[PDB]
$ cat protein-v2.pdb   # PDB, C-alpha atoms (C1' of nucleotides) and all ligand atoms
ATOM      1  CA  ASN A   8      17.813 -59.226  -5.398  1.00  0.00           C
ATOM      2  CA  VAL A   9      15.632 -59.750  -8.480  1.00  0.00           C
ATOM      3  CA  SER A  10      12.123 -58.358  -8.893  1.00  0.00           C
ATOM      4  CA  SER A  11      10.531 -60.819 -11.337  1.00  0.00           C
ATOM      5  CA  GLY A  12      11.012 -64.549 -11.664  1.00  0.00           C
ATOM      6  CA  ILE A  13       9.527 -68.005 -12.075  1.00  0.00           C
ATOM      7  CA  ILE A  14       8.378 -70.565  -9.493  1.00  0.00           C
ATOM      8  CA  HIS A  15       7.982 -74.119 -10.807  1.00  0.00           C
ATOM      9  CA  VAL A  16       5.480 -76.144  -8.749  1.00  0.00           C
ATOM     10  CA  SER A  17       5.606 -79.844  -9.644  1.00  0.00           C
ATOM     11  CA  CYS A  18       2.875 -81.999  -8.078  1.00  0.00           C
ATOM     12  CA  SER A  19       3.615 -85.705  -8.360  1.00  0.00           C
ATOM     13  CA  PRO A  20       0.885 -88.103  -7.161  1.00  0.00           C
ATOM     14  CA  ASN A  21       3.300 -89.208  -4.406  1.00  0.00           C
ATOM     15  CA  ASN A  22       5.151 -85.981  -3.508  1.00  0.00           C
ATOM     16  CA  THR A  23       5.447 -82.296  -4.400  1.00  0.00           C
ATOM     17  CA  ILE A  24       8.245 -79.845  -5.185  1.00  0.00           C
ATOM     18  CA  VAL A  25       8.285 -76.036  -5.285  1.00  0.00           C
ATOM     19  CA  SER A  26      11.309 -74.459  -6.987  1.00  0.00           C
ATOM     20  CA  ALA A  27      11.688 -70.672  -7.077  1.00  0.00           C
ATOM     21  CA  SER A  28      13.851 -69.699 -10.046  1.00  0.00           C
ATOM     22  CA  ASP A  29      15.242 -66.788 -12.044  1.00  0.00           C
ATOM     23  CA  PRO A  30      13.236 -65.724 -15.137  1.00  0.00           C
ATOM     24  CA  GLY A  31      15.666 -67.914 -17.062  1.00  0.00           C
ATOM     25  CA  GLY A  32      17.212 -70.942 -15.371  1.00  0.00           C
ATOM     26  CA  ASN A  33      19.394 -70.537 -12.270  1.00  0.00           C
ATOM     27  CA  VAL A  34      17.081 -71.614  -9.463  1.00  0.00           C
ATOM     28  CA  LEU A  35      17.496 -69.459  -6.350  1.00  0.00           C
ATOM     29  CA  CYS A  36      15.914 -71.768  -3.757  1.00  0.00           C
ATOM     30  CA  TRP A  37      13.924 -74.995  -3.576  1.00  0.00           C
ATOM     31  CA  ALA A  38      11.749 -76.892  -1.111  1.00  0.00           C
ATOM     32  CA  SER A  39       9.714 -80.092  -0.913  1.00  0.00           C
ATOM     33  CA  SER A  40       7.571 -82.053   1.533  1.00  0.00           C
ATOM     34  CA  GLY A  41      10.534 -84.291   2.338  1.00  0.00           C
ATOM     35  CA  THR A  42      12.802 -81.392   3.298  1.00  0.00           C
ATOM     36  CA  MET A  43      10.067 -80.005   5.567  1.00  0.00           C
ATOM     37  CA  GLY A  44      10.311 -83.107   7.766  1.00  0.00           C
ATOM     38  CA  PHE A  45       7.164 -84.898   6.602  1.00  0.00           C
ATOM     39  CA  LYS A  46       7.848 -88.527   5.717  1.00  0.00           C
ATOM     40  CA  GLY A  47       6.213 -91.511   4.057  1.00  0.00           C
ATOM     41  CA  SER A  48       2.642 -91.326   2.804  1.00  0.00           C
ATOM     42  CA  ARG A  49       1.823 -87.923   4.307  1.00  0.00           C
ATOM     43  CA  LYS A  50       3.990 -86.212   1.656  1.00  0.00           C
ATOM     44  CA  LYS A  51       1.153 -86.624  -0.897  1.00  0.00           C
ATOM     45  CA  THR A  52      -1.536 -84.676   0.977  1.00  0.00           C
ATOM     46  CA  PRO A  53      -2.697 -81.244  -0.276  1.00  0.00           C
ATOM     47  CA  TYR A  54      -2.011 -79.770   3.170  1.00  0.00           C
ATOM     48  CA  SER A  55       1.681 -80.627   2.805  1.00  0.00           C
ATOM     49  CA  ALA A  56       1.811 -78.941  -0.605  1.00  0.00           C
ATOM     50  CA  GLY A  57       0.425 -75.771   0.963  1.00  0.00           C
ATOM     51  CA  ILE A  58       2.983 -75.981   3.772  1.00  0.00           C
ATOM     52  CA  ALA A  59       5.857 -76.359   1.286  1.00  0.00           C
ATOM     53  CA  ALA A  60       4.643 -73.369  -0.735  1.00  0.00           C
ATOM     54  CA  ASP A  61       4.380 -71.257   2.428  1.00  0.00           C
ATOM     55  CA  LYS A  62       7.993 -71.833   3.524  1.00  0.00           C
ATOM     56  CA  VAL A  63       9.475 -71.131   0.087  1.00  0.00           C
ATOM     57  CA  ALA A  64       7.247 -68.056  -0.280  1.00  0.00           C
ATOM     58  CA  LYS A  65       8.417 -66.666   3.070  1.00  0.00           C
ATOM     59  CA  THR A  66      12.070 -67.369   2.254  1.00  0.00           C
ATOM     60  CA  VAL A  67      11.835 -65.828  -1.225  1.00  0.00           C
ATOM     61  CA  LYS A  68       9.826 -62.806  -0.018  1.00  0.00           C
ATOM     62  CA  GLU A  69      12.601 -61.792   2.389  1.00  0.00           C
ATOM     63  CA  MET A  70      14.952 -61.997  -0.601  1.00  0.00           C
ATOM     64  CA  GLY A  71      12.744 -59.329  -2.136  1.00  0.00           C
ATOM     65  CA  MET A  72      10.722 -60.212  -5.242  1.00  0.00           C
ATOM     66  CA  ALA A  73       7.224 -59.091  -6.296  1.00  0.00           C
ATOM     67  CA  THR A  74       6.115 -60.498  -9.668  1.00  0.00           C
ATOM     68  CA  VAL A  75       5.817 -64.274 -10.097  1.00  0.00           C
ATOM     69  CA  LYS A  76       4.906 -66.374 -13.134  1.00  0.00           C
ATOM     70  CA  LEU A  77       3.536 -69.652 -11.775  1.00  0.00           C
ATOM     71  CA  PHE A  78       4.411 -72.665 -13.966  1.00  0.00           C
ATOM     72  CA  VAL A  79       2.127 -75.340 -12.518  1.00  0.00           C
ATOM     73  CA  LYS A  80       3.276 -78.920 -13.134  1.00  0.00           C
ATOM     74  CA  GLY A  81       2.451 -82.502 -12.228  1.00  0.00           C
ATOM     75  CA  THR A  82      -0.797 -84.400 -11.756  1.00  0.00           C
ATOM     76  CA  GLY A  83      -1.037 -84.836  -7.989  1.00  0.00           C
ATOM     77  CA  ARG A  84      -3.845 -83.867  -5.616  1.00  0.00           C
ATOM     78  CA  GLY A  85      -2.665 -80.706  -3.848  1.00  0.00           C
ATOM     79  CA  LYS A  86      -2.127 -78.806  -7.081  1.00  0.00           C
ATOM     80  CA  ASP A  87      -4.229 -75.868  -5.825  1.00  0.00           C
ATOM     81  CA  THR A  88      -3.326 -75.798  -2.113  1.00  0.00           C
ATOM     82  CA  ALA A  89       0.131 -74.464  -2.983  1.00  0.00           C
ATOM     83  CA  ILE A  90      -1.547 -72.031  -5.383  1.00  0.00           C
ATOM     84  CA  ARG A  91      -3.692 -70.560  -2.592  1.00  0.00           C
ATOM     85  CA  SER A  92      -0.668 -70.619  -0.271  1.00  0.00           C
ATOM     86  CA  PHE A  93       1.288 -68.312  -2.581  1.00  0.00           C
ATOM     87  CA  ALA A  94      -1.694 -65.988  -3.040  1.00  0.00           C
ATOM     88  CA  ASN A  95      -2.074 -65.722   0.743  1.00  0.00           C
ATOM     89  CA  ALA A  96       1.655 -65.018   0.969  1.00  0.00           C
ATOM     90  CA  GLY A  97       0.848 -61.968  -1.122  1.00  0.00           C
ATOM     91  CA  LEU A  98       3.182 -62.299  -4.096  1.00  0.00           C
ATOM     92  CA  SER A  99       1.963 -60.828  -7.390  1.00  0.00           C
ATOM     93  CA  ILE A 100       0.835 -63.825  -9.459  1.00  0.00           C
ATOM     94  CA  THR A 101       0.976 -62.788 -13.123  1.00  0.00           C
ATOM     95  CA  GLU A 102       0.508 -66.040 -15.102  1.00  0.00           C
ATOM     96  CA  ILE A 103      -0.910 -69.501 -14.401  1.00  0.00           C
ATOM     97  CA  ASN A 104       0.654 -71.451 -17.289  1.00  0.00           C
ATOM     98  CA  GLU A 105       0.628 -75.254 -16.938  1.00  0.00           C
ATOM     99  CA  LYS A 106       3.497 -77.306 -18.419  1.00  0.00           C
ATOM    100  CA  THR A 107       2.924 -80.897 -17.358  1.00  0.00           C
ATOM    101  CA  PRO A 108       4.639 -83.141 -19.948  1.00  0.00           C
ATOM    102  CA  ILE A 109       2.080 -84.501 -22.399  1.00  0.00           C
ATOM    103  CA  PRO A 110       3.198 -87.031 -25.026  1.00  0.00           C
ATOM    104  CA  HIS A 111       1.999 -87.147 -28.611  1.00  0.00           C
ATOM    105  CA  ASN A 112       1.890 -90.960 -28.467  1.00  0.00           C
ATOM    106  CA  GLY A 113       5.640 -91.290 -27.905  1.00  0.00           C
ATOM    107  CA  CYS A 114       7.198 -93.974 -25.686  1.00  0.00           C
ATOM    108  CA  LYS A 115       5.016 -96.826 -24.379  1.00  0.00           C
ATOM    109  CA  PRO A 116       3.715 -96.151 -20.858  1.00  0.00           C
ATOM    110  CA  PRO A 117       4.113 -98.758 -18.080  1.00  0.00           C
ATOM    111  CA  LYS A 118       1.810-101.649 -17.244  1.00  0.00           C
ATOM    112  CA  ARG A 119      -1.511-101.302 -15.421  1.00  0.00           C
ATOM    113  CA  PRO A 120      -1.382-102.252 -11.719  1.00  0.00           C
ATOM    114  CA  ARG A 121      -3.988-104.789 -10.648  1.00  0.00           C
TER
ATOM    115  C1'   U B   1     -34.881-130.192 -68.890  1.00  0.00           C
ATOM    116  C1'   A B   2     -30.574-131.866 -72.019  1.00  0.00           C
ATOM    117  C1'   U B   3     -28.287-131.259 -77.628  1.00  0.00           C
ATOM    118  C1'   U B   4     -27.820-128.373 -81.966  1.00  0.00           C
ATOM    119  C1'   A B   5     -28.878-124.095 -85.459  1.00  0.00           C
ATOM    120  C1'   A B   6     -29.708-118.928 -84.622  1.00  0.00           C
ATOM    121  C1'   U B   7     -32.010-113.860 -82.866  1.00  0.00           C
ATOM    122  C1'   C B   8     -32.851-109.912 -78.238  1.00  0.00           C
ATOM    123  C1'   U B   9     -31.079-107.062 -73.890  1.00  0.00           C
ATOM    124  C1'   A B  10     -33.213-107.111 -68.839  1.00  0.00           C
ATOM    125  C1'   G B  11     -28.258-110.649 -65.931  1.00  0.00           C
ATOM    126  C1'   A B  12     -23.096-109.696 -65.938  1.00  0.00           C
ATOM    127  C1'   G B  13     -18.920-106.940 -68.006  1.00  0.00           C
ATOM    128  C1'   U B  14     -16.401-102.766 -71.209  1.00  0.00           C
ATOM    129  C1'   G B  15     -16.031 -97.287 -72.617  1.00  0.00           C
ATOM    130  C1'   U B  16     -17.317 -92.267 -72.068  1.00  0.00           C
ATOM    131  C1'   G B  17     -19.002 -88.606 -67.994  1.00  0.00           C
ATOM    132  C1'   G B  18     -19.539 -87.354 -62.732  1.00  0.00           C
ATOM    133  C1'   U B  19     -16.868 -89.031 -57.625  1.00  0.00           C
ATOM    134  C1'   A B  20     -15.801 -90.265 -52.251  1.00  0.00           C
ATOM    135  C1'   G B  21     -12.232 -92.409 -49.578  1.00  0.00           C
ATOM    136  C1'   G B  22      -6.499 -93.766 -42.475  1.00  0.00           C
ATOM    137  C1'   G B  23      -7.087 -99.140 -49.624  1.00  0.00           C
ATOM    138  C1'   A B  24      -1.464-100.978 -50.380  1.00  0.00           C
ATOM    139  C1'   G B  25       3.748-100.863 -51.263  1.00  0.00           C
ATOM    140  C1'   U B  26       8.546 -98.069 -52.034  1.00  0.00           C
ATOM    141  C1'   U B  27      11.517 -93.572 -50.965  1.00  0.00           C
ATOM    142  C1'   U B  28      12.139 -89.044 -48.129  1.00  0.00           C
ATOM    143  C1'   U B  29      10.639 -85.284 -44.189  1.00  0.00           C
ATOM    144  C1'   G B  30       8.619 -83.110 -39.108  1.00  0.00           C
ATOM    145  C1'   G B  31       7.398 -81.807 -33.713  1.00  0.00           C
ATOM    146  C1'   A B  32       6.320 -82.884 -28.774  1.00  0.00           C
ATOM    147  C1'   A B  33       7.581 -86.662 -24.837  1.00  0.00           C
ATOM    148  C1'   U B  34      10.942 -90.401 -22.337  1.00  0.00           C
ATOM    149  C1'   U B  35      16.157 -91.891 -21.605  1.00  0.00           C
ATOM    150  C1'   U B  36      21.454 -90.910 -21.721  1.00  0.00           C
ATOM    151  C1'   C B  37      25.364 -87.411 -22.083  1.00  0.00           C
ATOM    152  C1'   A B  38      27.490 -82.154 -22.001  1.00  0.00           C
ATOM    153  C1'   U B  39      27.180 -77.077 -19.487  1.00  0.00           C
ATOM    154  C1'   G B  40      25.148 -73.651 -15.660  1.00  0.00           C
ATOM    155  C1'   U B  41      21.938 -72.484 -10.801  1.00  0.00           C
ATOM    156  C1'   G B  42      21.104 -75.138  -6.426  1.00  0.00           C
ATOM    157  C1'   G B  43      21.643 -77.701  -1.509  1.00  0.00           C
ATOM    158  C1'   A B  44      19.373 -83.019   1.267  1.00  0.00           C
ATOM    159  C1'   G B  45      16.635 -85.941   0.111  1.00  0.00           C
ATOM    160  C1'   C B  46      14.499 -88.421  -4.181  1.00  0.00           C
ATOM    161  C1'   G B  47      11.868 -92.743  -5.321  1.00  0.00           C
ATOM    162  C1'   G B  48       8.076 -96.164  -4.107  1.00  0.00           C
ATOM    163  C1'   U B  49       3.436 -97.986  -1.121  1.00  0.00           C
ATOM    164  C1'   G B  50      -2.475-100.053   1.788  1.00  0.00           C
ATOM    165  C1'   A B  51       2.046 -99.164   5.055  1.00  0.00           C
ATOM    166  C1'   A B  52       6.951 -99.722   3.888  1.00  0.00           C
ATOM    167  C1'   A B  53      11.569-101.672   2.380  1.00  0.00           C
ATOM    168  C1'   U B  54      15.249-102.884  -1.613  1.00  0.00           C
ATOM    169  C1'   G B  55      16.999 -98.676  -4.929  1.00  0.00           C
ATOM    170  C1'   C B  56      19.097 -93.696  -6.313  1.00  0.00           C
ATOM    171  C1'   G B  57      21.665 -89.288  -3.511  1.00  0.00           C
ATOM    172  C1'   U B  58      27.336 -84.504  -0.382  1.00  0.00           C
ATOM    173  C1'   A B  59      31.177 -88.582  -6.194  1.00  0.00           C
ATOM    174  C1'   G B  60      25.767 -82.782  -5.450  1.00  0.00           C
ATOM    175  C1'   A B  61      20.459 -86.598  -6.662  1.00  0.00           C
ATOM    176  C1'   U B  62      15.067 -84.775  -7.499  1.00  0.00           C
ATOM    177  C1'   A B  63      14.184 -79.941  -9.648  1.00  0.00           C
ATOM    178  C1'   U B  64      15.213 -75.827 -13.136  1.00  0.00           C
ATOM    179  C1'   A B  65      17.437 -73.612 -18.113  1.00  0.00           C
ATOM    180  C1'   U B  66      20.052 -74.629 -22.880  1.00  0.00           C
ATOM    181  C1'   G B  67      22.243 -78.033 -26.300  1.00  0.00           C
ATOM    182  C1'   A B  68      23.576 -82.743 -28.597  1.00  0.00           C
ATOM    183  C1'   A B  69      22.705 -88.049 -29.797  1.00  0.00           C
ATOM    184  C1'   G B  70      19.410 -92.059 -30.536  1.00  0.00           C
ATOM    185  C1'   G B  71      15.217 -95.347 -30.922  1.00  0.00           C
ATOM    186  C1'   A B  72       9.871 -96.244 -30.788  1.00  0.00           C
ATOM    187  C1'   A B  73       4.806 -94.524 -31.605  1.00  0.00           C
ATOM    188  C1'   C B  74       2.126 -90.836 -34.498  1.00  0.00           C
ATOM    189  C1'   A B  75      -1.846 -86.186 -29.053  1.00  0.00           C
ATOM    190  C1'   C B  76      -5.904 -82.598 -30.695  1.00  0.00           C
ATOM    191  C1'   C B  77      -8.627 -83.651 -35.685  1.00  0.00           C
ATOM    192  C1'   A B  78     -11.356 -88.576 -33.966  1.00  0.00           C
ATOM    193  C1'   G B  79     -17.085 -89.324 -34.791  1.00  0.00           C
ATOM    194  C1'   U B  80     -24.876 -91.928 -32.006  1.00  0.00           C
TER
HETATM  195 MG    MG A 201       2.707 -98.881 -12.635  1.00  0.00          MG
HETATM  196 MG    MG A 202      17.693 -80.993 -25.568  1.00  0.00          MG
END
$ encode --input "protein-v2.pdb" --output "structure tokens"
Amino acid sequence: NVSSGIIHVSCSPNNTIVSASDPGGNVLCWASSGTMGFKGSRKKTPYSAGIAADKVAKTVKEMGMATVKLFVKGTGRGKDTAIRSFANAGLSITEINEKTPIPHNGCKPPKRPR
RNA sequence: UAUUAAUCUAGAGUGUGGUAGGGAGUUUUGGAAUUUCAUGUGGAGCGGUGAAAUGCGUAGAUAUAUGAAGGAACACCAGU
């Protein structure tokens, strides 16, 4: 019922999440590899990110929006498969801003696995 | 060479004149980010791994938007 809005696409190294939201807060719908039915290790594969983007794009397109600002997030591997999925869905991508949290040397990160 | 009586400025210092620094201590100040809490939207997983399982989640989590509190460390500049 709204023309413009925001779709946050977080890409963790282990999973991915695509949240379609109002231009300010108030998410309208959300989807993830887990809710699709994919389980375990497969949830971290670029193909799954594209699949998740496709379902949320179809759902949100029937709701009737055109202009999308795409706030890319995370540091996974399928960060662009979802991007191409939305473009092939045909929504009007207006911005490609990236907002992955970067620290300015605050908080000590965890130990190195070996 | 050592001792003593003295002279000199080139060794080393002092002053004047230029001058580069994340040199140190004390007292204040700032923004991201994490965590917790508060308020909305939302509706089934999130999390983790070589693969999983403990764990967290319909008491509404992850996510998204705003605010508050608090502690720690000071991205880029930053380097033949
Ligand atoms: Mg680790
Ligand atoms: Mg805040």
$ residues_near_ligand --input "protein-v2.pdb" --ligand "ligand MG 201 (chain A)" --cutoff "8 Å" --atoms "only C-alpha atoms (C1' of nucleotides) and all ligand atoms" --output "PyMOL selection string"
chain A and resi 117-120
$ closest_residue --input "protein-v2.pdb" --among "B:8, B:46, B:33, B:78" --to "chain A" --atoms "all atoms listed in the file"
B:33
$ closest_residue --input "protein-v2.pdb" --among "B:54, B:9, B:28, B:39" --to "ligand MG 202 (chain A)" --atoms "all atoms listed in the file"
B:39
$ residues_around --input "protein-v2.pdb" --residues "residue 21 of chain A" --least-positions-apart "6" --cutoff "10 Å" --atoms "all atoms listed in the file" --output "list in words"
residues 47, 48, 49, 50, 51, 52, 82, 83 and 84 of chain A; 47, 48 and 49 of chain B
$ interface_residues --input "protein-v2.pdb" --of "chain B" --to "chain A" --cutoff "6 Å" --atoms "all atoms listed in the file" --output "PyMOL selection string"
chain B and resi 33+41+64-65+73+75
$ residues_near_ligand --input "protein-v2.pdb" --ligand "ligand MG 202 (chain A)" --cutoff "12 Å" --atoms "only C-alpha atoms (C1' of nucleotides) and all ligand atoms" --output "PDB file with C-alpha atoms (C1' of nucleotides), in the coordinates of the input"
ATOM      1  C1'   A B  32       6.320 -82.884 -28.774  1.00  0.00           C
ATOM      2  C1'   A B  33       7.581 -86.662 -24.837  1.00  0.00           C
ATOM      3  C1'   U B  35      16.157 -91.891 -21.605  1.00  0.00           C
ATOM      4  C1'   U B  36      21.454 -90.910 -21.721  1.00  0.00           C
ATOM      5  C1'   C B  37      25.364 -87.411 -22.083  1.00  0.00           C
ATOM      6  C1'   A B  38      27.490 -82.154 -22.001  1.00  0.00           C
ATOM      7  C1'   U B  39      27.180 -77.077 -19.487  1.00  0.00           C
ATOM      8  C1'   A B  65      17.437 -73.612 -18.113  1.00  0.00           C
ATOM      9  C1'   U B  66      20.052 -74.629 -22.880  1.00  0.00           C
ATOM     10  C1'   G B  67      22.243 -78.033 -26.300  1.00  0.00           C
ATOM     11  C1'   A B  68      23.576 -82.743 -28.597  1.00  0.00           C
ATOM     12  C1'   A B  69      22.705 -88.049 -29.797  1.00  0.00           C
TER      13        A B  69
END
$ atom_distance --input "protein-v2.pdb" --atom1 "atom CA of residue 20 of chain A" --atom2 "atom CA of residue 64 of chain A"
22.1 Å
$ atom_distance --input "protein-v2.pdb" --atom1 "atom CA of residue 59 of chain A" --atom2 "atom CA of residue 9 of chain A"
21.6 Å
$ residues_around --input "protein-v2.pdb" --residues "residue 104 of chain A" --least-positions-apart "2" --cutoff "7 Å" --atoms "only C-alpha atoms (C1' of nucleotides)" --output "compact mmCIF listing (two decimals) with C-alpha atoms, in the frame of the given file"
# COMPACT_ATOMS: atom_id res chain seq x y z
CA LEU A 77 3.54 -69.65 -11.78
CA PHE A 78 4.41 -72.67 -13.97
CA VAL A 79 2.13 -75.34 -12.52
CA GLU A 102 0.51 -66.04 -15.10
CA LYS A 106 3.50 -77.31 -18.42
$ residues_around --input "protein-v2.pdb" --residues "residue 54 of chain A" --least-positions-apart "3" --cutoff "8 Å" --atoms "only C-alpha atoms (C1' of nucleotides)" --output "ChimeraX atom specification"
/A:57-58,85,88
$ write_last_selection --input "protein-v2.pdb" --atoms "C-alpha atoms" --output "mmCIF file, in the frame of the given file"
data_model
loop_
_atom_site.group_PDB
_atom_site.id
_atom_site.type_symbol
_atom_site.label_atom_id
_atom_site.label_comp_id
_atom_site.auth_asym_id
_atom_site.auth_seq_id
_atom_site.Cartn_x
_atom_site.Cartn_y
_atom_site.Cartn_z
ATOM 1 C CA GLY A 57 0.425 -75.771 0.963
ATOM 2 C CA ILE A 58 2.983 -75.981 3.772
ATOM 3 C CA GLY A 85 -2.665 -80.706 -3.848
ATOM 4 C CA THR A 88 -3.326 -75.798 -2.113
#
$ closest_residue --input "protein-v2.pdb" --among "B:15, B:74, B:43, B:10" --to "residue 31 of chain B" --atoms "all atoms listed in the file"
B:74
$ atom_distance --input "protein-v2.pdb" --atom1 "atom CA of residue 76 of chain A" --atom2 "atom CA of residue 23 of chain A"
18.2 Å
$ build_atoms --input "protein-v2.pdb" --residues "segment 8-20 of chain A" --atoms "N, CA, C and O atoms" --output "PDB file, keeping the file's coordinate frame"
ATOM      1  N   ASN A   8      17.160 -60.360  -4.755  1.00  0.00           N
ATOM      2  CA  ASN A   8      17.813 -59.226  -5.398  1.00  0.00           C
ATOM      3  C   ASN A   8      17.244 -58.993  -6.794  1.00  0.00           C
ATOM      4  O   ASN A   8      17.668 -58.083  -7.505  1.00  0.00           O
ATOM      5  N   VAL A   9      16.282 -59.828  -7.178  1.00  0.00           N
ATOM      6  CA  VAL A   9      15.632 -59.750  -8.480  1.00  0.00           C
ATOM      7  C   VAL A   9      14.140 -59.546  -8.256  1.00  0.00           C
ATOM      8  O   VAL A   9      13.557 -60.123  -7.330  1.00  0.00           O
ATOM      9  N   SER A  10      13.525 -58.709  -9.094  1.00  0.00           N
ATOM     10  CA  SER A  10      12.123 -58.358  -8.893  1.00  0.00           C
ATOM     11  C   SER A  10      11.191 -59.434  -9.441  1.00  0.00           C
ATOM     12  O   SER A  10      10.259 -59.860  -8.756  1.00  0.00           O
ATOM     13  N   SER A  11      11.393 -59.843 -10.689  1.00  0.00           N
ATOM     14  CA  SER A  11      10.531 -60.819 -11.337  1.00  0.00           C
ATOM     15  C   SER A  11      11.232 -62.169 -11.436  1.00  0.00           C
ATOM     16  O   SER A  11      12.463 -62.256 -11.428  1.00  0.00           O
ATOM     17  N   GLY A  12      10.436 -63.228 -11.514  1.00  0.00           N
ATOM     18  CA  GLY A  12      11.012 -64.549 -11.664  1.00  0.00           C
ATOM     19  C   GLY A  12       9.949 -65.604 -11.864  1.00  0.00           C
ATOM     20  O   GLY A  12       8.771 -65.301 -12.061  1.00  0.00           O
ATOM     21  N   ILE A  13      10.387 -66.861 -11.805  1.00  0.00           N
ATOM     22  CA  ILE A  13       9.527 -68.005 -12.075  1.00  0.00           C
ATOM     23  C   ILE A  13       9.588 -68.961 -10.892  1.00  0.00           C
ATOM     24  O   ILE A  13      10.654 -69.157 -10.298  1.00  0.00           O
ATOM     25  N   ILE A  14       8.450 -69.556 -10.547  1.00  0.00           N
ATOM     26  CA  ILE A  14       8.378 -70.565  -9.493  1.00  0.00           C
ATOM     27  C   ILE A  14       7.722 -71.818 -10.074  1.00  0.00           C
ATOM     28  O   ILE A  14       6.510 -71.847 -10.322  1.00  0.00           O
ATOM     29  N   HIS A  15       8.520 -72.849 -10.335  1.00  0.00           N
ATOM     30  CA  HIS A  15       7.982 -74.119 -10.807  1.00  0.00           C
ATOM     31  C   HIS A  15       7.432 -74.925  -9.635  1.00  0.00           C
ATOM     32  O   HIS A  15       8.121 -75.137  -8.633  1.00  0.00           O
ATOM     33  N   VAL A  16       6.183 -75.371  -9.771  1.00  0.00           N
ATOM     34  CA  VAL A  16       5.480 -76.144  -8.749  1.00  0.00           C
ATOM     35  C   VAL A  16       5.066 -77.476  -9.364  1.00  0.00           C
ATOM     36  O   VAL A  16       4.022 -77.581 -10.020  1.00  0.00           O
ATOM     37  N   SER A  17       5.888 -78.502  -9.155  1.00  0.00           N
ATOM     38  CA  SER A  17       5.606 -79.844  -9.644  1.00  0.00           C
ATOM     39  C   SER A  17       4.839 -80.620  -8.580  1.00  0.00           C
ATOM     40  O   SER A  17       5.224 -80.621  -7.406  1.00  0.00           O
ATOM     41  N   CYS A  18       3.758 -81.276  -8.991  1.00  0.00           N
ATOM     42  CA  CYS A  18       2.875 -81.999  -8.078  1.00  0.00           C
ATOM     43  C   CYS A  18       2.765 -83.445  -8.553  1.00  0.00           C
ATOM     44  O   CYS A  18       1.850 -83.801  -9.299  1.00  0.00           O
ATOM     45  N   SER A  19       3.705 -84.277  -8.114  1.00  0.00           N
ATOM     46  CA  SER A  19       3.615 -85.705  -8.360  1.00  0.00           C
ATOM     47  C   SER A  19       2.485 -86.312  -7.527  1.00  0.00           C
ATOM     48  O   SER A  19       2.109 -85.768  -6.485  1.00  0.00           O
ATOM     49  N   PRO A  20       1.912 -87.432  -7.976  1.00  0.00           N
ATOM     50  CA  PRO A  20       0.885 -88.103  -7.161  1.00  0.00           C
ATOM     51  C   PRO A  20       1.400 -88.607  -5.823  1.00  0.00           C
ATOM     52  O   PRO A  20       0.590 -88.914  -4.941  1.00  0.00           O
TER      53      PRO A  20
END
